[PDB]
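Encoded as structure tokens, the structure appears first; notes follow it.
Each answer follows from the model by the rule given with it, or from the source it names; no laboratory instrument gave them. With ideal geometry, Cβ positions are generated from the backbone for all residues, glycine too; neighbour counts draw on all protein chains shown.
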Ligand SMILES: COC(=O)c1[nH]nc2c1CCCC2
């Protein structure tokens with residue numbers, strides 16, 4: 001059923017599984033019209049679909065054309081998500097298809113279940129974790145590919161760069177979420193932390209700097225302090 | 001007018017006949033029910049005084065044979081039976097009528113309640129829902145399960161209602177996932193009406209029968225079935241105008257007839273609020289919404 005802190009290690013067992021997050025599928029800017037009314041202007045989006053064990057990100061880019069002439073876009077967006085996810089599953093060889101798809105929002109449950117009626121053996125589940133995946137558009141390379149897309153497009157990433165060579169997926173996933181949580185609580189400070197240093201570079205084929213193990217410890221500590229800081233600034237503690 | 005005579009009443013029992021009901025004391029001189037209106041199905045039902053567990057009873061149509069009730073002390077229930085000897089049956093019944101040992105079916109001449117609750121219900125269709133082909137009447141009780149319940153255990157004792165599932169491949173066209181899930185017209189009109197029921201009178205008959213079995217037997221699966229069938233219409237944007245008008249009247253009389261004290265269990269709050277206030281047909285059930293709001297406003 002649902003997914004919480006009791007069964008946290010299940011993410012990193014050997015049953016294929018994917019997170020699906022739809023919080024950046026439909027994006028708008030809100031602005032005034034000449035007549036002084038308010039209007040939205042959509043911008044490109046994406047579906048964040050992530051194997052937590054391997055780091056394989058399947059970034060489906062949602063080009064604003066997909067909304068042209070449509071109504072109830074917040075609702076269409078969940079169904080379009082579910083459709084893109086189903087389409088993905090159907091494109092993977094059977095031995096690559098997930099046994100479980102975990103959605104980060106419960107409003108995705110029905111749209112995905114309906115679209116996956118053909119796959120009765122794939123379990124569609126919610127989670128009680130507050131995962132910070134909405135912050136995915138704070139990763140510059142992922143933001144850049146979304147905003148430059150002129151058509152629908154799927155781009156594949158490994159969201160853990162090369163970390164798994166040195167750490168467990170359990171530890172890589174936890175670094176990832178600390179990073180995302182920080183980016184979501186204060187993007188400037190978090191980005192200040194990651195990239196003021198020249199010595200540390202982001203390889204052309206990576207998303208995050210090339211930190212040594214010791215430098216990651218320092219980074220990780222700085223992100224924890226950031227999160228705690230903003231929590232004080234927020235609640236005056 | 002026809003008769004359902006009884007051999008005797010050896011155990012104390014509350015007897016129902018359609019929407020009416022009366023108590024018989026253990027070994028009271030009761031020999032059955034007379035003056036039953038020809039032209040409708042009927043249901044005769046039982047709740048033993050000593051064990052309110054198991055309400056049970058029989059659906060029948062007096063046009064289809066001569067039926068009597070005999071207590072079976074081995075199986076512990078009042079059993080419906082058919083007498084194929086027409087003359088012998090007339091000779092026994094006439095003795096009982098001359099000794100006034102029968103309760104009269106108490107129909108008021110202004111009252112169309114039973115008709116309105118059974119307008120589309122026909123014995124032939126009951127007998128396909130309740131499979132026991134050697135008898136012309138159908139036994140139902142509270143514990144009987146439905147085919148769909150048997151999929152979520154004896155197949156012979158089941159209620160074979162039509163299976164309705166909104167998250168099923170039957171209900172959802174490849175490529176119309178969103179349209180078909182948010183508007184059930186395809187499922188209602190093409191799958192169920194055109195394909196399965198053939199017409200709206202058969203659909204309404206199952207719906208009415210589902211409801212009557214929920215009300216008289218507390219049969220949970222029938223209640224589920226009544227509500228599913230209502231929800232499928234109310235969640236379709238495209239329903240023939242005559243169907244909605246008839247549904248409004250059907251439901252109206254079913255809400256009118258429900259015992260006030262069984263409302264909490266026989267009526268699904270989610271389905272009714274959705275149907276009356278959110279669904280495509282939210283403005284189309286004027287009579288039903290008006291009685292629901294004046295009789296059970298707590299549920300809403
Ligand atoms: C053993 O009884 C019969 O077989 C029978 N046939 N008709 C009736 C009865 C019982 C008395 C009521 C009417």
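Can you name the residue in the range B:9-20 that is within 20 Å of residue B:137 (Cα to Cα) and not in a strand (DSSP E or B) and is also nearest to the ligand (Cβ to nearest atom) among such residues?
Within the range B:9-20, the match that is nearest to the ligand (Cβ to nearest atom) is B:18.
Criterion first (at negative phi, within 10 Å of chain A (Cβ to nearest Cβ) and not in a loop (DSSP other than H, G, I, E, B)) does residue B:178 satisfy it?
yes
Only one of (1) more than 22 Å from residue B:202 (Cα to Cα); (2) surrounded by fewer than 20 Cβ atoms within 10 Å (Cβ to Cβ) is not met by residue B:57, so which one is it?
In the conditions (1) more than 22 Å from residue B:202 (Cα to Cα); (2) surrounded by fewer than 20 Cβ atoms within 10 Å (Cβ to Cβ), residue B:57 misses (2) alone.
Can you tell me which condition residue B:128 does not meet? The list is (1) over 22 Å from the mean Cα position of the chain (by Cα); (2) more than 15 Å from the ligand (Cβ to nearest atom), and all the others hold.
Result: residue B:128 passes all but (1).
What's the total number of residues in the range B:153-172 that are within 14 Å of another protein chain (Cβ to nearest Cβ), in a loop (DSSP other than H, G, I, E, B) and exposed (fewer than 15 other Cβ atoms within 10 Å of the Cβ)?
Taking the range B:153-172 first, the residues within 14 Å of another protein chain (Cβ to nearest Cβ) are B:165-172.
Cutting the leftovers down to in a loop (DSSP other than H, G, I, E, B) gives us B:165-168, B:172.
Applying the additional criterion that residues be exposed (fewer than 15 other Cβ atoms within 10 Å of the Cβ) yields B:165, B:167-168.
Result for the range B:153-172: 3.
Can you tell me which residue is surrounded by the fewest Cβ atoms within 10 Å (Cβ to Cβ) among those in the range B:75-85 that are within 15 Å of the ligand (Cβ to nearest atom), farther than 29 Å from residue B:258 by Cβ and within 28 Å of the chain's Cα centre (by Cα)?
For the range B:75-85, the residue satisfying everything is B:84.
Consider residue B:102 carefully, then state whether it is touching a helix residue (DSSP H, G or I) at 6+ places or on another chain (Cβ under 8 Å) and more than 9 Å from the ligand (Cβ to nearest atom).
Working: touching a helix residue (DSSP H, G or I) at 6+ places or on another chain (Cβ under 8 Å): yes; more than 9 Å from the ligand (Cβ to nearest atom): yes.
Yes; evaluated as a whole, the condition is true for this residue.
Considering only the range A:14-21, I want to know if a residue exists there that is part of a loop (DSSP other than H, G, I, E, B) and either under 14 Å from the mean Cα position of the chain (by Cα) or surrounded by 21 or more Cβ atoms within 10 Å (Cβ to Cβ) (or both).
no
Give B:213, B:135, B:150, B:189 a once-over and let me know the one that is part of a helix (DSSP H, G or I) and within 30 Å of residue B:84 (Cα to Cα).
B:213
Restricting to the range A:104-145, give me the number of residues that are surrounded by fewer than 19 Cβ atoms within 10 Å (Cβ to Cβ), within 14 Å of chain B (Cβ to nearest Cβ) and part of a loop (DSSP other than H, G, I, E, B).
Total satisfying the criteria: 4.
How many of the residues making up the range B:56-74 are in contact with a strand residue (DSSP E or B) (Cβ under 6 Å, 6 or more places away or on another chain) and either within 16 Å of the ligand (Cβ to nearest atom) or farther than 22 Å from residue B:118 by Cα (or both)?
As a first pass, look at the range B:56-74 and keep what is in contact with a strand residue (DSSP E or B) (Cβ under 6 Å, 6 or more places away or on another chain): B:56-60, B:62, B:65, B:67-72.
Now restrict to residues that are either within 16 Å of the ligand (Cβ to nearest atom) or farther than 22 Å from residue B:118 by Cα (or both): B:58, B:60, B:62, B:65, B:67-72.
Result for the range B:56-74: 10.
Give me a count of the residues in the range A:188-221 that are touching a strand residue (DSSP E or B) at 6+ places or on another chain (Cβ under 8 Å) and surrounded by fewer than 15 Cβ atoms within 10 Å (Cβ to Cβ).
Adding up the residues that qualify gives 0.
Rundown of residues vs (1) in a loop (DSSP other than H, G, I, E, B); (2) within 21 Å of residue B:143 (Cβ to Cβ); (3) away from the ligand (no atom under 16 Å from the Cβ); (4) in contact with a strand residue (DSSP E or B) (Cβ under 8 Å, 6 or more places away or on another chain), yes/no style:
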site	(1), (2), (3), (4)
B:29	yes, no, no, no
B:34	no, no, no, yes
B:38	yes, no, yes, yes
B:46	no, yes, yes, yes
B:50	yes, yes, yes, no
B:54	yes, yes, yes, yes
B:87	no, no, no, no
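Show me the strands (runs of 3 or more DSSP E) found entirely inside the range A:33-81 where at least 2 residues are in the same structural domain as residue A:175 (by CATH) and closer than 23 Å to residue A:174 by Cα. Write out each step before concluding.
Working: elements: A:38-43, A:45-50, A:56-62.
Passing ranges: none, list empty.
Determine whether residue B:138 is away from the ligand (no atom under 16 Å from the Cβ) and in contact with a strand residue (DSSP E or B) (Cβ under 8 Å, 6 or more places away or on another chain).
On the way: away from the ligand (no atom under 16 Å from the Cβ): yes; in contact with a strand residue (DSSP E or B) (Cβ under 8 Å, 6 or more places away or on another chain): yes.
Spelling it out, residue B:138 is indeed away from the ligand (no atom under 16 Å from the Cβ) and in contact with a strand residue (DSSP E or B) (Cβ under 8 Å, 6 or more places away or on another chain).
Count, please, the residues in the range B:236-257 that happen to be more than 17 Å from residue B:201 (Cβ to Cβ) and surrounded by fewer than 18 Cβ atoms within 10 Å (Cβ to Cβ).
So the answer is 4.
Can you find a residue that is surrounded by fewer than 14 Cβ atoms within 10 Å (Cβ to Cβ) and closer than 17 Å to residue A:209 by Cβ anywhere in the range A:179-187?
So far as the range A:179-187 goes, yes, one or more of its residues are surrounded by fewer than 14 Cβ atoms within 10 Å (Cβ to Cβ) and closer than 17 Å to residue A:209 by Cβ.
Scanning for something in a helix (DSSP H, G or I) and closer than 21 Å to residue A:52 by Cβ, does the range A:152-162 turn up at least one residue?
Scanning the range A:152-162, I find no residue that is in a helix (DSSP H, G or I) and closer than 21 Å to residue A:52 by Cβ, so the answer is no.
Looking only at the range B:89-99, filter to residues that are more than 10 Å from the ligand (Cβ to nearest atom) and under 22 Å from residue B:64 (Cα atoms); which one of those is nearest to the other protein chains (Cβ to nearest Cβ)?
B:97
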